[PDB]
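Below: the structure, in structure tokens.
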Amino acid sequence: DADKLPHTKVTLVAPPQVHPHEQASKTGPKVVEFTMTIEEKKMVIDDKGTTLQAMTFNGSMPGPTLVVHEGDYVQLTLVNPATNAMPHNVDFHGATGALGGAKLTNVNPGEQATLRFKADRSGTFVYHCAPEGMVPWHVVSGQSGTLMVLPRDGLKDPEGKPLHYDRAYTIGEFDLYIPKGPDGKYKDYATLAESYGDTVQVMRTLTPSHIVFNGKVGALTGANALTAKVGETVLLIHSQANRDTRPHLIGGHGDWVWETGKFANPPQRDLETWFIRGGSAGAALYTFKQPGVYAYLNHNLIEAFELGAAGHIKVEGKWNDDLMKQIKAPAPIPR
Amino acid sequence: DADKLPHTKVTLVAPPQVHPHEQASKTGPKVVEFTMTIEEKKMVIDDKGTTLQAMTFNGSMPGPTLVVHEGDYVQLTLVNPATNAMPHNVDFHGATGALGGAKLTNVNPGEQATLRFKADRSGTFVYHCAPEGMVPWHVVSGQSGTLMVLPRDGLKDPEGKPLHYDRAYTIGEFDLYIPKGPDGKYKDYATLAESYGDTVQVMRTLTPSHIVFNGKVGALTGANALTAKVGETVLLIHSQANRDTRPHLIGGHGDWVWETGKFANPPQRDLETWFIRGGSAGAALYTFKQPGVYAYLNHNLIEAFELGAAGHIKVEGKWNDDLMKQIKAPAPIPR
Amino acid sequence: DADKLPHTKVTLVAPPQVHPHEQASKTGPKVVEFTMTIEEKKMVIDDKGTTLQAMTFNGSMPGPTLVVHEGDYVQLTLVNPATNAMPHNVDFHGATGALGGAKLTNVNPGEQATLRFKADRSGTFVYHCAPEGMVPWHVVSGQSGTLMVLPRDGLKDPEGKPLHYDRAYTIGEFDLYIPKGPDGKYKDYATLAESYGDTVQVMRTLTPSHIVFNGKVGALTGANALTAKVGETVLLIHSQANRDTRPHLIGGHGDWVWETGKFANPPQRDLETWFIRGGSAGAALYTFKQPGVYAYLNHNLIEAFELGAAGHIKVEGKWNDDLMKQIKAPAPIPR
Ligand SMILES: [Cu+2]
Ligand SMILES: [Cu+2]
Ligand SMILES: [Cu+2]
Ligand SMILES: [Cu+2]
Ligand SMILES: [Cu+2]
Ligand SMILES: [Cu+2]
Ligand SMILES: [Zn+2]
Ligand SMILES: [Zn+2]
Ligand SMILES: [Zn+2]
Ligand SMILES: [Zn+2]
Ligand SMILES: [Zn+2]
Ligand SMILES: [Zn+2]
Ligand SMILES: [Zn+2]
Ligand SMILES: [Zn+2]
Ligand SMILES: [Zn+2]
Ligand SMILES: [Zn+2]
Ligand SMILES: [Zn+2]
Ligand SMILES: [Zn+2]
Ligand SMILES: [Zn+2]
Ligand SMILES: [Zn+2]
Ligand SMILES: [Zn+2]
């Protein structure tokens, strides 16, 4: 009975970071309390100045990642400020009943609600907005993120041996549907409501104009690249709430991967490229063995390099000649 | 030797039901006899009056599900009435040899044939029409269904423990390619043959005009919703003979899922969203824990809510506050 | 330390064959030496005379398959002749570091380079060209193939029992993006460089004009069909460096399949249709039980029969009435 358990309050952090948490814990079940605020905002998504009339949890794409342990209860307060124009709600794939909670969290601007559910299954799970009659629009405009439920004794390999990560990163991939005018340029809209009709027409073609990680082309590059060091194990959480994608680390691998994202199932090893089904989140572990700049991308290479689905990981440390060596540098063909 | 075994005759039923059968059985191998009749018919597929010049097994999309046990022989009589215009046949993915039987069942209007094959591998398997030179057209126009071959001792979890279902439902998902005229409206054709040329042009774009469950937008809603009750375990068989899809139950899960559809392999647990490869059938078990109306859909949400790939399950019983509770209903933000 | 190991030189062969090799071996680790030469060439890809301005390893699509054992080192000499116009390199998904080797093999026309890497993970892995700023174009124009790394003690089933093949075939599937002129006919270009701008526009639609096995529509049919005999076990290696596909053998199955292509993971059995993620290679074993002509195809049937993704396997031997029998041939419906 959840009424009788201790409560803990957690402060969320912005992607691509994930808020501090324990992996294996000796703690018993808790009611874990979070709050999020919906924000409607126009946002620039590329190098040409194109805008998206966007909708978000907490002002970011994706929304922040929430972490609990199997057997905890999630208790979320969802706030829809009066500065917004539209109604919203939340559907947690990690929850059981009432359309994942959507039926119990319908909030008009100026309102809030509080939901509790038991996190009784381990894995990474998508959450997203789902207002009746308007579901695909709110999701492709930016309203999704991840709930991670860790097993109480931490992650395990197929033989039951312990696995860990030293840091976690959260990547949300967004297929966008931006309309064009008769001059062939992308349209800019003064309000969210004015974008709707034209956007639905693009959506129905099933062809995205852009596909981006974390809100914009190049979001995870330059000063905002992911970082690690040789010897460190990273967890890469990848969510796609609407469309299939195929993650790959250039010069690396997926050492242990749950591509369907559910930790009670055995992971697969040595993957070159994995698969995240539209409407889910998956998770991969990698231990860095070489320093350098890696690319992390969707391996439909058109989707990555032409449409925006790619980022960088900068890795410090010492180069290893045993794994890889330039025997002869580029030079003229001998004659 | 099959000539020496007992014969049983089975009467088929229309989707979404599946004909009565035993799961675990003490019976030895039988020759199991079925018959099906091809029907060409024009059909209304949406709320706007759009028509499809369709082709079916037994007058339904999908065709009926045939159920046997591993080691049985399937013996099918396939009838092509003289009221039809085109030749037809059948390819069983569950069979070995002769293009799945297609080579041995070529029937012109006014003709019939009888095929027998050994069902020597467990799982759910697609069957579909495949006449030489005309294969994709006959499949996307509606000619596919499922053969389920159960292991003789019933379904099993990864550790070999017994699994059961209390009822089975069969869902066939159909990507449709309906042409449009110069006024932008969908075309209506007087004959099946007249639809061919325009339809192939649409097919080659790889973009469906509609994606429907069981023959029409909203087929599995209102009076025709699926039903269950709290405590009941349902088997959801999902077939897609031509295109990938990603099933999801809103407010539920896949407790045990064979997404590739082959029962001798261990299932996965706790899935939010699973994946059915174009040209296959898969199967999921879920035990209901909460009452209410669930949605069952393709989680490319555009494909579901804009193009038609979604249905309803109405579930009776008692609400459970431990799994999910509204702590505070929607109300004004405190000030 | 690789400097101290014996070296072996291997001569490559053209697809769909794979060069001779041992499965289980008693040999210890070797440095295995290969060479490949890039070739830019215009090529006819269909029955209508359409051309592709292509780029290849060794003059073929796909490039040849390279085979080693886990713990061997791959040492490749990559040559870019002065008759070519563009720079090239190589990224091995089987390697660790420096963008899979791409950073260490940048060769302008007139130049060559030599790379060594440790093949420390078993499976089938894609290799492809990846020059900075030009990656998707070089890949969809034909520059990809497979590295197979076999476990030293051969392939194994989920219980650790031994598995073998009697012959191996290598199939590379290529999504092509051929532009059209205002008359609706495919364009023919005098140089590789002149095709670039128009081709990128087609690529961005995500809709291929053609999808072919091994370089052309019908490449693996007639005199060039694959062959086997009843009782023989074949390994079918399938690579797709850019786009998802779903292989199927008509009248057959995948007896044991690694659809993600990594041999240290247990295979699945009895598959009707499997799934190769864009940016990977997978592998299937089948033992023929019936003679005849089988089709091997992508089971999006539009992609197979309309766009080109299909081939033939001709199988000799004795027909087996137990698996399949025509009980009654096509004849008039009794009255
Ligand atoms: Cu919303
Ligand atoms: Cu959802
Ligand atoms: Cu037919
Ligand atoms: Cu088929
Ligand atoms: Cu190149
Ligand atoms: Cu790659
Ligand atoms: Zn309390
Ligand atoms: Zn509290
Ligand atoms: Zn906890
Ligand atoms: Zn560590
Ligand atoms: Zn980059
Ligand atoms: Zn008999
Ligand atoms: Zn009889
Ligand atoms: Zn039986
Ligand atoms: Zn039951
Ligand atoms: Zn509904
Ligand atoms: Zn040496
Ligand atoms: Zn040497
Ligand atoms: Zn070797
Ligand atoms: Zn053999
Ligand atoms: Zn053929």
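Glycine gets a Cβ as well: all are built from the backbone with ideal geometry, and neighbour counts include every protein chain shown. The values are calculated or read from the model by the stated rules, or taken from the named source; these are not laboratory values.
Numbers at a glance
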quantity: Residue within the stretch B:52-67 that is in contact with a helix residue (DSSP H, G or I) (Cβ under 9 Å, 6 or more places away or on another chain) and either within 16 Å of ligand 12 (Cβ to nearest atom) or within 13 Å of chain C (Cβ to nearest Cβ) (or both) present; calculated: no
quantity: Pick from the stretch C:304-335, criterion surrounded by fewer than 19 Cβ atoms within 10 Å (Cβ to Cβ) and small (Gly, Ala, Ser), ranking: nearest to C:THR233 (Cα to Cα); calculated: C:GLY317
quantity: Criterion: more than 7 Å from chain A (Cβ to nearest Cβ), of a type in the set (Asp, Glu) and more than 21 Å from the chain's Cα centre (by Cα) - qualifying residue of C:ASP153, C:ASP166, C:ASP175; calculated: C:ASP153
quantity: Check on C:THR27, among the hydroxyl-bearing types (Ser, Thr, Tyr), more than 16 Å from ligand 6 (Cβ to nearest atom) and surrounded by 15 or more Cβ atoms within 10 Å (Cβ to Cβ); calculated: no
quantity: Sole residue being outside the structural domain of A:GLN240 (by CATH), in contact with a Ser or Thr (Cβ under 8 Å, 6 or more places away or on another chain) and closer than 15 Å to A:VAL126 by Cα, chosen from A:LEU66, A:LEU99; calculated: A:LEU66
quantity: Failed criterion for C:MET43 (all others in (1) in contact (Cβ under 8 Å) with a residue 60 or more places away in the chain; (2) buried (at least 18 other Cβ atoms within 10 Å of the Cβ) hold); calculated: (2)
quantity: Residue list for the stretch C:103-121, restricted to those being more than 7 Å from chain A (Cβ to nearest Cβ) and either out of contact with any strand residue (DSSP E or B) (no Cβ under 9 Å at 6 or more places or on another chain) or crowded, with 23+ Cβ neighbours inside 10 Å (or both); calculated: C:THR105, C:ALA119
quantity: Given (1) touching a residue at least 12 places away in the same chain (Cβ under 8 Å); (2) surrounded by 21 or more Cβ atoms within 10 Å (Cβ to Cβ), index of the condition B:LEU301 fails; calculated: (1)
quantity: Answer residue from the stretch B:109-155, given it is touching a residue at least 60 places away in the same chain (Cβ under 8 Å) and of a type in the set (D, E, K, R) and is nearest to ligand 13 (Cβ to nearest atom) among those; calculated: B:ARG116
quantity: Flag for B:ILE313 being away from ligand 16 (no atom under 16 Å from the Cβ) and either among the β-branched types (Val, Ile, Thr) or in a loop (DSSP other than H, G, I, E, B) (or both); calculated: no
quantity: Boolean, A:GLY184 is assigned by CATH to the domain that holds A:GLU70, part of a loop (DSSP other than H, G, I, E, B), without any contact (Cβ under 8 Å) to a residue 12 or more places away in the chain and surrounded by fewer than 16 Cβ atoms within 10 Å (Cβ to Cβ); calculated: no
quantity: Lone unmet requirement of (1) assigned to a strand (DSSP E or B); (2) outside the structural domain of C:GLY49 (by CATH) for C:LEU220; calculated: (1)
quantity: Flag if A:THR83 is more than 9 Å from chain B (Cβ to nearest Cβ) and assigned to a loop (DSSP other than H, G, I, E, B); calculated: yes
quantity: Selection within the stretch B:86-95 - under 18 Å from B:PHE263 (Cα atoms) and part of a loop (DSSP other than H, G, I, E, B); calculated: B:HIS93, B:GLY94, B:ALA95
quantity: Check on C:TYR286, of a type in the set (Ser, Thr, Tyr), out of contact with any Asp or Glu (no Cβ under 9 Å at 6 or more places or on another chain) and more than 16 Å from ligand 5 (Cβ to nearest atom); calculated: no
quantity: Selection count where residues are part of a strand (DSSP E or B), more than 9 Å from every other protein chain (Cβ to nearest Cβ) and either surrounded by fewer than 23 Cβ atoms within 10 Å (Cβ to Cβ) or over 17 Å from the mean Cα position of the chain (by Cα) (or both), scope the stretch A:260-288; calculated: 3
quantity: A:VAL32 closer than 21 Å to A:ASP3 by Cβ, of a type in the set (A, V, I, L, M) and more than 10 Å from every other protein chain (Cβ to nearest Cβ); calculated: yes
quantity: Count - residues of the stretch B:2-22 that are more than 14 Å from every other protein chain (Cβ to nearest Cβ) and over 16 Å from B:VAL74 (Cβ atoms); calculated: 7
quantity: Scan of the stretch C:235-259 for residues that are part of a loop (DSSP other than H, G, I, E, B) and either within 16 Å of C:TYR165 (Cβ to Cβ) or in contact (Cβ under 8 Å) with a residue 60 or more places away in the chain (or both), ordered by number; calculated: C:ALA241, C:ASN242, C:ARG243, C:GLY252, C:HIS253
quantity: Odd one out for C:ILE211 among (1) surrounded by fewer than 19 Cβ atoms within 10 Å (Cβ to Cβ); (2) within 14 Å of another protein chain (Cβ to nearest Cβ); (3) of a type in the set (A, V, I, L, M); calculated: (1)
quantity: Qualifying position, being within 14 Å of chain B (Cβ to nearest Cβ) and under 30 Å from C:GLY71 (Cβ atoms), among A:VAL257, A:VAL315; calculated: A:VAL257
quantity: Sole exception among (1) surrounded by fewer than 21 Cβ atoms within 10 Å (Cβ to Cβ); (2) closer than 30 Å to A:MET324 by Cα; (3) in contact with a strand residue (DSSP E or B) (Cβ under 6 Å, 6 or more places away or on another chain) for A:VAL230, by number; calculated: (3)
quantity: Options C:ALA304, C:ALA329; residue that is within 11 Å of chain B (Cβ to nearest Cβ), over 21 Å from the mean Cα position of the chain (by Cα) and among the small types (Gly, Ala, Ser); calculated: C:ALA329
